[PDB]
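*Asks:*
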Amino acid sequence: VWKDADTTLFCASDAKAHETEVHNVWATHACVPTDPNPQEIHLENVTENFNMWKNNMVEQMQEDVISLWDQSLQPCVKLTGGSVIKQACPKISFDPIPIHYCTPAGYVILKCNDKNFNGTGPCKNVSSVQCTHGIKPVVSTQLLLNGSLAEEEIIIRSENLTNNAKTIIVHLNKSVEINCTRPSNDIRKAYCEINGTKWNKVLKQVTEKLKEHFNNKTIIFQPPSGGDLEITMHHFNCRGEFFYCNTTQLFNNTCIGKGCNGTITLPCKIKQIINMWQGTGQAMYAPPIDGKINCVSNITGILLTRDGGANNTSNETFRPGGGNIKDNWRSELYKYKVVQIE
Amino acid sequence: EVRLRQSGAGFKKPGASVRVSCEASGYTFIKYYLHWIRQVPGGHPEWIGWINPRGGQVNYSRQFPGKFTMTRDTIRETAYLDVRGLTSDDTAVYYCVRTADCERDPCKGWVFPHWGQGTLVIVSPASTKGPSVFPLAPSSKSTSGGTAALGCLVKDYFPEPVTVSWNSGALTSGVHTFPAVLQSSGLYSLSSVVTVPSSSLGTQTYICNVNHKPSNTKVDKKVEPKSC
Amino acid sequence: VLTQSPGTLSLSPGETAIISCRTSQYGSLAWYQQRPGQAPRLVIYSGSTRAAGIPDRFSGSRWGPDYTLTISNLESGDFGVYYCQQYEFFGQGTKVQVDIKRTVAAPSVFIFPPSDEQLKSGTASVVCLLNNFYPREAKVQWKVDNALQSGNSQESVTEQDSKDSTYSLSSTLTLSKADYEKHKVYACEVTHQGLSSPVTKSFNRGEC
Ligand SMILES: *[C@@H]1O[C@H](CO)[C@@H](O)[C@H](O)[C@H]1NC(C)=O
Ligand SMILES: *[C@@H]1O[C@H](CO)[C@@H](O)[C@H](O)[C@H]1NC(C)=O
Ligand SMILES: *[C@@H]1O[C@H](CO)[C@@H](O)[C@H](O)[C@H]1NC(C)=O
Ligand SMILES: *[C@@H]1O[C@H](CO)[C@@H](O)[C@H](O)[C@H]1NC(C)=O
Ligand SMILES: *[C@@H]1O[C@H](CO)[C@@H](O)[C@H](O)[C@H]1NC(C)=O
Ligand SMILES: *[C@@H]1O[C@H](CO)[C@@H](O)[C@H](O)[C@H]1NC(C)=O
Ligand SMILES: *[C@@H]1O[C@H](CO)[C@@H](O)[C@H](O)[C@H]1NC(C)=O
Ligand SMILES: *[C@@H]1O[C@H](CO)[C@@H](O)[C@H](O)[C@H]1NC(C)=O
Ligand SMILES: *[C@@H]1O[C@H](CO)[C@@H](O)[C@H](O)[C@H]1NC(C)=O
Ligand SMILES: *[C@@H]1O[C@H](CO)[C@@H](O)[C@H](O)[C@H]1NC(C)=O
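Chains as they are written, first to last, in PDB author numbering: chain G, 44 to 124, 198 to 301, 325 to 355, 357 to 397, 408 to 492; chain H, 1 to 52, 52A, 53 to 82, 82A to 82C, 83 to 100, 100A to 100H, 101 to 216; chain L, 3 to 30, 33 to 91, 96 to 216.
(1) Which same chain residues, not among the five before or five after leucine 86 of chain G, have their C-beta less than 7 Å away from its C-beta?
(2) If you draw a straight line from the C-alpha of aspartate 230 of chain G to the C-alpha of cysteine 239 of chain G, how long is it?
(3) Ends of the alpha helix (DSSP H) at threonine 346 of chain G?
(4) Would you mind reading off the limits of the beta strand (DSSP E) that contains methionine 69 of chain H?
(5) Taking C-beta pairs closer than 7 Å, name the residues in chain G that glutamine 39 of chain H reaches, listed in chain order.
(6) In chain L, which residues lie with their C-beta within 9 Å of the C-beta of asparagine 280 of chain G?
(7) Is the shortest distance between the beta-carbon of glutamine 105 of chain L and the beta-carbons of chain G less than 7 Å?
(8) So, for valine 106 of chain L: in the same chain, excluding its five sequence neighbours on each side, which residues have a beta-carbon less than 6 Å away from its beta-carbon?
(9) From the DSSP output, in three-state form, read off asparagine 67 of chain G for me.
(10) Tell me the DSSP bridge mates of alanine 78 of chain H?
(11) How about residue 295 of chain L and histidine 200 of chain L: do their beta carbons lie closer than 7 Å?
(12) Less than 7 Å between C-beta atoms, sequence neighbours within five positions excluded: which residues of the same chain meet that for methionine 434 of chain G?
(13) For ligand 5, is there a heavy atom less than 6 Å away from the beta-carbon of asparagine 276 of chain G?
(14) So, at 7 Å on beta carbons, what are the nonlocal neighbours of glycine 10 of chain H in its own chain, with the 5 sequence-adjacent residues on each side left out?
(15) Could you pull the start and end residues of the beta strand (DSSP E) that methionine 434 of chain G belongs to?
(16) Among all residues, which have a Cβ less than 5 Å from at least one non-hydrogen atom of ligand 3, and in what chain order do they fall?
(17) So, does the CB of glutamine 201 of chain L fall closer than 7 Å to a CB anywhere in chain G?
(18) Please check the pair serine 21 of chain H and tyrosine 79 of chain H, which I expect to be a contact at CB under 8 Å, by giving their CB distance rounded to whole angstroms.
(19) If you reduce the DSSP assignment to three classes, tell me which class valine 150 of chain H lands in.
(20) Tell me the rounded alpha-carbon separation between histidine 352 of chain G and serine 447 of chain G.
(21) Across which residues does DSSP place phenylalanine 382 of chain G in a beta bridge pair?
(22) Thinking C-beta only, is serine 180 of chain H closer than 7 Å to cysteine 216 of chain H?
(23) Quick one, are the C-beta atoms of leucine 33 of chain L and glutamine 100 of chain L less than 7 Å apart?
(24) Would a C-beta distance cut-off of 7 Å place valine 254 of chain G and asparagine 262 of chain G closer than the cut-off?
(25) For the alpha helix (DSSP H) that contains residue 526 of chain G, what are its first and last residues?
(26) Within its chain, find whatever has a CB closer than 8 Å to the CB of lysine 476 of chain G; leave out the 5 residues flanking it on each side and keep chain order.
(27) If I measure Cβ to Cβ from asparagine 339 of chain G and keep anything under 6 Å in the same chain, skipping five residues before and after, which residues do I get?
(28) Hey, out of H:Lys214, H:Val82, H:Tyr194 and H:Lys143, whose CA is closest to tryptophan 154 of chain H's CA?
(29) When you get a sec, list the residues whose CB is within less than 5 Å of any heavy atom of ligand 8, chain order please.
(30) Assuming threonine 51 of chain G contacts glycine 431 of chain G under a Cβ cut-off of 8 Å, what Cβ separation, rounded to an integer in Å, is found between them?
(31) Could you check whether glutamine 37 of chain L and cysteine 23 of chain L sit closer than 7 Å to each other, using their CB atoms as the reference points?
(32) Go ahead and pull the three-state DSSP assignment for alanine 16 of chain H.
(33) Using 10 angstroms around the beta-carbon of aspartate 457 of chain G, count the other beta-carbons present and answer buried if the total reaches 16, otherwise exposed.
(34) What residues from chain G crowd round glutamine 27 of chain L, counting only those whose CB sits closer than 7 Å?
(35) Return the first residue and the last residue of the beta strand (DSSP E) that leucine 181 of chain L is part of.
(36) If you check the beta carbons only, do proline 44 of chain L and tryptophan 103 of chain H fall under 7 Å apart?
Next comes the structure, spelled out in structure tokens:
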């Protein structure tokens, strides 16, 4: 017998000791080697409750990533609370690596393997493991990149669909690739390419899933209504450079019911001055490096917020929202929980 | 102690724009979402939207399409709202509200113990106009007791308020001066009535003194029975 | 989404007020108190949980898709208007206003022909005066050539008088000069507890 419990986890990874790459260096000092023969015990006739929206593992992953970014992605100038801090900003090698989160002795991680599991409630197929799967710490807004895919059908996850303030995580079941590039020889101008045939098909599917939860109402996509560039644009980090991309074209109502079947190209820009996602002030990094910078990633999830209102209409409007970068972690950790044995 | 201080009131013209501010204090500013509530006098509290001090993302109400904007200043700890396309239906009090709780990194709540004092925004065509006083002769005989019924009609004026005194503050017995109601013209108009003995109609002269300090208009009007 | 009833309560200092509110969803519900001219104030939330500074004379309660705020021994500051809230939505409200008990009094009904100085403007206003009556509950309708009138009648009531404890009401009928001269007979109907039958004071346009 066991009970739900919190404790400090540790990490394991396949970090390379010979790498100068920044995720590798960090993990070399903060994590241990992985287990080549991981143990997983499936529990027959065991039912456990999970709540992805109340999981301290999510909180724990954030602290690690903050520490990692604080040691590595140091800026040329750092502006926080009215003061100016300068401390060199060398270019780094940056490419997220998978990190496993593990329980110490006297604890274990229960893992929900129930397909189409929405993240809250009972799970019928439960197994026990010492460590999670390898989770890449991809920091992004609007679109979840390089994450894990839904195992069956697309899953809509929310702490409370009725509550417009709770962020909706759409967990996709098929990887639509996004190809972003800043071509060699305005050095800060960039763009992302997405297969319009694949994407519009999937977006159409998301509408159908949303219809099941919202009584078959008309689903409308709209651009973000306001805020900092990190939220109104799709922001992420590519090869050390901070990309900001206009996703207006991705959430095109027209293609959800001709003309668009081609390649979709979003305008992007690399910024040197960024509002740090850790929530403080501004940070200035060096100008983008030279040559062709390219990262191809899978969109594996979408973060949405639904519009609030006291109207009596038949439509619901959705915008690529988000909130805490922690939500990104929730989408991957939703199937895990820590318990203390006896 | 949590304190939300909104900006002062104001007057506007149909088509103008206002920026109501809300300076917050007594708590950690980022850890709490802020909401905006309007309230047309004689209407249920209508929700405008919320804003996240962290990122700055905003959730506008669908019932008010493109008639608002919300911003914040994380350093000065202050939220803003811009009422655009000002109309007659935008005449309301606007509140700056923060949720209870928290002990969480973001506070969404929807439980509101902390309100601002509100902000009065009155949108009406131009102004100012003085009161036009029309008499209300009782007059051609009543029934069921005698007791005449006479008054004045303070109609079409702006803004609030006006004060009506009968016969220079002398007649105080049985005087009912109704509160002002906003008309379709965006102007105010009230009625002040008095019940007097019907026998003293052809003897005593009744005067109503309507004083409007804003438009600088003091007018006295005699009210007497019709002649036919 | 949220049905709050009743719209108004006329009760006396010491009596018990009960305010109900329906819900479509099953999320938590809260209660606010708004004294005249002031900002709202939290009283009840999460169904029945009491707020800070709020005495135990207040008590929230839930039943089915319905929530109930009950107030015992009304205490001056208890007067105003209360609103039920669920998420972003708000109930229509219920104005808890003070009503002093006394003997039922009949309203003195009068009708006012528009001023001939006002007719020069082109917006005639026929006024129907109802003064000194009890209780507050009453109803007025307009009949232009024996026909119901709606969408052009404004009302305004006085506060309960200090002496006789009676109310007075002001019904105003606004018509255009062209439409006012089209018809002849103008009268207002008055239904009240102090009356056996709907009294009607009538006047014809022009004649006197
Ligand atoms: C039940 O859980 C096991 C554990 O991984 C999984 O392999 C299996 O697919 C689950 N059952 C169904 C019907 O998916
Ligand atoms: C992207 O998806 C493909 C298959 O959909 C997979 O083979 C590849 O490893 C994924 N890349 C990631 C998750 O970075
Ligand atoms: C993805 O999920 C959707 C659910 O809307 C389902 O219809 C579709 O078949 C799934 N695609 C797969 C499993 O390849
Ligand atoms: C998730 O599944 C549980 C259990 O069936 C259900 O109670 C809850 O409403 C679901 N939530 C969403 C967002 O689908
Ligand atoms: C919303 O969440 C609350 C608790 O946080 C719960 O009582 C309620 O049932 C949820 N709503 C839905 C539709 O599941
Ligand atoms: C991505 O786009 C660049 C230029 O637009 C191209 O050179 C590259 O081959 C593309 N990658 C893939 C996988 O299509
Ligand atoms: C996008 O994917 C579809 C497969 O459904 C393929 O037919 C099409 O050629 C792709 N588009 C491009 C530009 O390669
Ligand atoms: C994105 O592009 C559209 C043009 O379709 C533009 O109207 C919008 O302002 C852009 N968004 C931002 C944040 O600049
Ligand atoms: C959406 O797609 C249609 C069809 O391809 C296109 O005409 C329209 O401009 C698109 N909307 C944008 C780019 O905002
Ligand atoms: C996603 O993975 C691909 C390779 O799997 C990598 O090139 C890309 O940089 C990753 N995305 C981000 C944002 O790091």
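All residues carry an ideal CB built from backbone N, CA and C; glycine is no exception.
*Replies:* In this structure, then:
(1) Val242, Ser243 and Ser244
(2) 6 Å
(3) 335-352
(4) In the DSSP assignment, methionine 69 of chain H falls within the beta strand (DSSP E) that extends over 69-72.
(5) Close partners of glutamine 39 of chain H in chain G (Cβ separation under 7 Å) are lacking, with about 13 Å as the shortest Cβ gap.
(6) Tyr91 and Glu96
(7) no
(8) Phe83
(9) helix
(10) H:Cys22 and H:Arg71
(11) One cannot answer for residue 295 of chain L here, as it falls past the ends of chain L, which runs 3 to 216.
(12) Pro118, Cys119, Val120, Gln422 and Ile423
(13) yes
(14) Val18 and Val109
(15) 432-434
(16) G:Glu269, G:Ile270, G:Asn289, G:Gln344 and G:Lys348
(17) no
(18) 5 Å
(19) coil
(20) For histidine 352 of chain G and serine 447 of chain G, the gap between their C-alpha atoms comes out near 29 Å.
(21) G:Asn377 and G:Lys421
(22) Cβ atoms of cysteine 216 of chain H and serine 180 of chain H: not closer than 7 Å.
(23) no
(24) yes
(25) This structure cannot speak to residue 526 of chain G, because chain G is shown only from 44 to 492.
(26) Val101, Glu102, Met104 and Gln105
(27) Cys395
(28) H:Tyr194
(29) G:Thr372, G:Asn386 and G:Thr388
(30) With 8 Å as the limit, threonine 51 of chain G and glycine 431 of chain G do not qualify as a contact, their Cβ atoms being about 29 Å apart.
(31) no
(32) coil
(33) buried
(34) The contacting residues are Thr278.
(35) Start and end: 175-182.
(36) Cβ atoms of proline 44 of chain L and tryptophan 103 of chain H: closer than 7 Å.
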